[PDB]
file coords01.txt (compact mmCIF, C-alpha atoms and all ligand atoms)
# COMPACT_ATOMS: atom_id res chain seq x y z
CA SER F 1315 -57.68 239.71 -21.95
CA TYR F 1316 -56.06 242.85 -23.40
CA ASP F 1317 -52.31 241.92 -23.44
CA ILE F 1318 -50.97 243.49 -26.72
CA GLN F 1319 -47.76 241.31 -26.49
CA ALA F 1320 -49.35 237.87 -25.73
CA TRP F 1321 -49.46 236.80 -29.45
CA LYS F 1322 -45.69 236.25 -29.59
CA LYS F 1323 -45.47 233.35 -27.09
CA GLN F 1324 -48.81 232.01 -28.46
CA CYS F 1325 -47.17 231.90 -31.93
CA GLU F 1326 -43.98 230.28 -30.50
CA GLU F 1327 -46.10 227.48 -28.93
CA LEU F 1328 -48.11 226.98 -32.17
CA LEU F 1329 -44.83 226.69 -34.19
CA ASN F 1330 -43.65 224.07 -31.64
CA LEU F 1331 -46.89 222.07 -32.29
CA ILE F 1332 -46.40 222.43 -36.11
CA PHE F 1333 -42.77 221.09 -35.80
CA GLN F 1334 -44.19 217.99 -33.86
CA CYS F 1335 -46.69 217.32 -36.74
CA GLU F 1336 -45.33 214.75 -39.25
CA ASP F 1337 -47.20 216.83 -41.93
CA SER F 1338 -44.73 219.76 -41.27
CA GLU F 1339 -41.57 217.73 -42.25
CA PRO F 1340 -41.40 219.04 -45.88
CA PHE F 1341 -41.96 222.68 -44.69
CA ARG F 1342 -39.38 222.90 -41.80
CA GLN F 1343 -36.51 224.08 -44.12
CA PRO F 1344 -36.26 226.15 -47.35
CA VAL F 1345 -36.99 224.02 -50.49
CA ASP F 1346 -33.80 222.34 -51.90
CA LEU F 1347 -33.16 223.89 -55.39
CA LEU F 1348 -30.97 220.82 -56.30
CA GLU F 1349 -33.85 218.23 -56.09
CA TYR F 1350 -36.53 220.65 -57.46
CA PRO F 1351 -34.34 222.42 -60.07
CA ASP F 1352 -37.29 224.38 -61.61
CA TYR F 1353 -38.64 225.56 -58.19
CA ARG F 1354 -37.59 229.29 -58.47
CA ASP F 1355 -39.05 229.69 -62.03
CA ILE F 1356 -42.58 229.19 -60.46
CA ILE F 1357 -42.05 230.44 -56.83
CA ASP F 1358 -41.16 234.18 -56.55
CA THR F 1359 -40.92 234.19 -52.69
CA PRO F 1360 -39.78 230.97 -50.94
CA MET F 1361 -40.94 230.53 -47.31
CA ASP F 1362 -40.62 227.77 -44.68
CA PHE F 1363 -41.30 227.31 -40.95
CA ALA F 1364 -37.65 227.69 -39.85
CA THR F 1365 -37.58 231.13 -41.53
CA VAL F 1366 -40.88 232.07 -39.80
CA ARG F 1367 -39.51 230.97 -36.36
CA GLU F 1368 -36.23 232.86 -36.91
CA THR F 1369 -38.11 236.04 -37.98
CA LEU F 1370 -40.28 235.82 -34.82
CA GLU F 1371 -37.28 235.18 -32.49
CA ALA F 1372 -35.29 238.09 -34.12
CA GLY F 1373 -38.14 240.48 -33.16
CA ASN F 1374 -38.88 241.14 -36.88
CA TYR F 1375 -42.69 240.59 -36.76
CA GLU F 1376 -44.74 243.54 -35.40
CA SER F 1377 -48.09 241.61 -35.33
CA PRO F 1378 -49.46 238.09 -35.64
CA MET F 1379 -51.05 239.19 -38.98
CA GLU F 1380 -47.54 239.45 -40.47
CA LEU F 1381 -46.61 235.95 -39.19
CA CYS F 1382 -49.93 234.58 -40.59
CA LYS F 1383 -49.16 236.12 -44.07
CA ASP F 1384 -45.77 234.27 -44.16
CA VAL F 1385 -47.30 230.93 -43.00
CA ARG F 1386 -50.06 231.27 -45.63
CA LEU F 1387 -47.27 231.84 -48.25
CA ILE F 1388 -45.77 228.38 -47.32
CA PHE F 1389 -49.15 226.86 -48.27
CA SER F 1390 -49.78 228.94 -51.42
CA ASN F 1391 -46.23 228.09 -52.65
CA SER F 1392 -47.01 224.34 -52.18
CA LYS F 1393 -50.38 224.72 -54.07
CA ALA F 1394 -48.73 226.62 -56.99
CA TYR F 1395 -45.73 224.17 -57.31
CA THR F 1396 -47.85 220.94 -57.06
CA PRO F 1397 -47.98 219.06 -60.41
CA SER F 1398 -51.21 217.39 -59.07
CA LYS F 1399 -53.97 217.97 -56.42
CA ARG F 1400 -53.44 214.28 -55.45
CA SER F 1401 -49.71 214.81 -54.63
CA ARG F 1402 -48.10 213.76 -51.28
CA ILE F 1403 -46.41 217.05 -50.20
CA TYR F 1404 -49.45 219.14 -51.37
CA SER F 1405 -51.89 216.80 -49.49
CA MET F 1406 -49.75 217.24 -46.30
CA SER F 1407 -49.90 221.08 -46.82
CA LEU F 1408 -53.73 221.03 -46.81
CA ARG F 1409 -53.97 219.13 -43.48
CA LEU F 1410 -51.28 221.36 -41.90
CA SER F 1411 -53.08 224.51 -43.17
CA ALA F 1412 -56.36 223.34 -41.53
CA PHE F 1413 -54.51 222.76 -38.24
CA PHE F 1414 -52.77 226.16 -38.43
CA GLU F 1415 -56.00 228.08 -39.24
CA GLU F 1416 -57.90 226.33 -36.38
CA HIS F 1417 -55.21 227.51 -33.88
CA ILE F 1418 -54.29 231.02 -35.24
CA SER F 1419 -57.92 232.32 -35.21
CA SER F 1420 -57.96 233.00 -31.41
CA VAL F 1421 -54.41 234.53 -31.54
CA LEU F 1422 -55.54 237.07 -34.18
CA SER F 1423 -58.89 237.83 -32.47
CA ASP F 1424 -57.26 238.41 -29.04
CA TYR F 1425 -54.55 240.66 -30.53
CA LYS F 1426 -56.99 242.82 -32.53
CA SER F 1427 -59.31 243.06 -29.45
CA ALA F 1428 -56.29 244.14 -27.28
CA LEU F 1429 -55.33 246.85 -29.78
CA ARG F 1430 -58.92 248.14 -29.94
CA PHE F 1431 -58.96 248.31 -26.09
CA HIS F 1432 -55.64 250.24 -26.14
CA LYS F 1433 -57.33 252.90 -28.39
CA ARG F 1434 -60.79 252.82 -26.63
CA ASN F 1435 -60.74 256.43 -25.22
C1 LIG F 1501 -34.30 220.28 -47.15
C2 LIG F 1501 -34.92 219.04 -47.73
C3 LIG F 1501 -35.85 218.35 -46.80
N1 LIG F 1501 -35.53 217.45 -45.91
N2 LIG F 1501 -36.69 217.06 -45.25
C4 LIG F 1501 -37.67 217.74 -45.78
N3 LIG F 1501 -37.23 218.58 -46.75
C5 LIG F 1501 -38.18 219.42 -47.48
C6 LIG F 1501 -37.63 220.66 -48.14
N4 LIG F 1501 -38.58 221.17 -49.12
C7 LIG F 1501 -38.77 220.60 -50.28
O1 LIG F 1501 -37.81 220.13 -50.90
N5 LIG F 1501 -40.04 220.47 -50.73
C8 LIG F 1501 -40.38 220.14 -52.11
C9 LIG F 1501 -41.29 221.20 -52.70
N6 LIG F 1501 -42.47 221.40 -51.86
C10 LIG F 1501 -43.76 221.38 -52.25
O2 LIG F 1501 -44.60 222.10 -51.72
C11 LIG F 1501 -44.21 220.46 -53.27
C12 LIG F 1501 -45.52 220.43 -53.73
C13 LIG F 1501 -45.81 219.22 -54.39
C14 LIG F 1501 -44.69 218.56 -54.81
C15 LIG F 1501 -44.60 217.42 -55.77
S1 LIG F 1501 -43.28 219.24 -54.07
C16 LIG F 1501 -42.15 221.68 -50.46
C17 LIG F 1501 -41.23 220.61 -49.90
call {"tool": "encode", "arguments": {"input": "coords01.txt", "output": "C-alpha cells", "more": "lines below"}}
Ligand SMILES: CCc1nncn1CCNC(=O)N1CCN(C(=O)c2ccc(C)s2)CC1
result
Amino acid sequence: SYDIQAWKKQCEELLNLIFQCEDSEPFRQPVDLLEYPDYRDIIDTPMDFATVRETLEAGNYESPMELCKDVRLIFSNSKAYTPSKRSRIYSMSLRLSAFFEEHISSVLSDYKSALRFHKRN
C-alpha cells in the first residue's frame, strides 16, 4: 500500500476521533491565558488540536511526522504545566496520548514504507 498522500485523510479521521473523546475537551483550543495567568512563563510553544487541524487543512504539514511532533507537544506542555501527576487535565492527557499513539503508529509506518518504495530503484 504505497500511497505517499494517504496519511493526510488518515490524520483527518484520527483528529475527528480525538474531538469525539471527552478526554480531548481541554486540548481542543489554545490554553486561556486569563484563567492560567502564569502559563506562558513555563510553556515556550503553546499547541492545541484546533491548531493542528488548521495546519493540516491549510496544507502546511509535509509529512505525518510533523503532525505527530505537534500532537506530542500538546502532551509535553500538559506534563510540564501540571502542578501534580494526580491532576485532572494531566490525567486526561495521558489517556488521550495512549489513544493517539495506538492509532498514529500505522499512519507513520505506511507513509515511511511508501516513501521507501518511491525511492526503491
Ligand atoms: C478555552 C478554554 C476551554 N474551554 N474548554 C476547554 N478549554 C481548555 C483550554 N485549555 C486550558 O485552559 N487548559 C489548562 C491548561 N492545560 C493543562 O494541560 C493543565 C495541566 C494540568 C493542569 C492543572 S492545567 C490544558 C488545558
call {"tool": "residues_near_ligand", "arguments": {"input": "coords01.txt", "ligand": "ligand LIG 1501 (chain F)", "cutoff": "8 Å", "atoms": "only C-alpha atoms and all ligand atoms", "output": "ChimeraX atom specification"}}
result
/F:1339-1347,1349-1350,1353,1388-1389,1391-1398,1401-1404,1407
call {"tool": "residues_around", "arguments": {"input": "coords01.txt", "residues": "region 1365-1382 of chain F", "least_positions_apart": "6", "cutoff": "10 Å", "atoms": "only C-alpha atoms", "output": "JSON, numbers by chain"}}
result
{"F": [1318, 1319, 1320, 1321, 1322, 1323, 1324, 1325, 1326, 1329, 1330, 1342, 1343, 1344, 1388, 1414, 1415, 1418, 1419, 1421, 1422, 1423, 1425, 1426]}
call {"tool": "atom_distance", "arguments": {"input": "coords01.txt", "atom1": "CA of residue 1405 (chain F)", "atom2": "CA of residue 1337 (chain F)"}}
result
8.9 Å
call {"tool": "closest_residue", "arguments": {"input": "coords01.txt", "among": "F:1336, F:1384, F:1416, F:1424", "to": "residue 1363 (chain F)", "atoms": "only C-alpha atoms"}}
result
F:1384
call {"tool": "atom_distance", "arguments": {"input": "coords01.txt", "atom1": "CA of residue 1338 (chain F)", "atom2": "CA of residue 1359 (chain F)"}}
result
18.8 Å
call {"tool": "axis_aligned_box", "arguments": {"input": "coords01.txt", "around": "region 1374-1382 of chain F", "padding_each_side": "8 Å", "output": "AutoDock Vina command-line options"}}
result
--center_x -45.0 --center_y 239.1 --center_z -38.0 --size_x 28.2 --size_y 25.0 --size_z 21.3
call {"tool": "atom_distance", "arguments": {"input": "coords01.txt", "atom1": "CA of residue 1351 (chain F)", "atom2": "CA of residue 1364 (chain F)"}}
result
21.2 Å
call {"tool": "closest_residue", "arguments": {"input": "coords01.txt", "among": "F:1315, F:1411, F:1390, F:1334", "to": "residue 1430 (chain F)", "atoms": "only C-alpha atoms"}}
result
F:1315
call {"tool": "closest_residue", "arguments": {"input": "coords01.txt", "among": "F:1399, F:1383, F:1409, F:1354", "to": "residue 1335 (chain F)", "atoms": "only C-alpha atoms"}}
result
F:1409
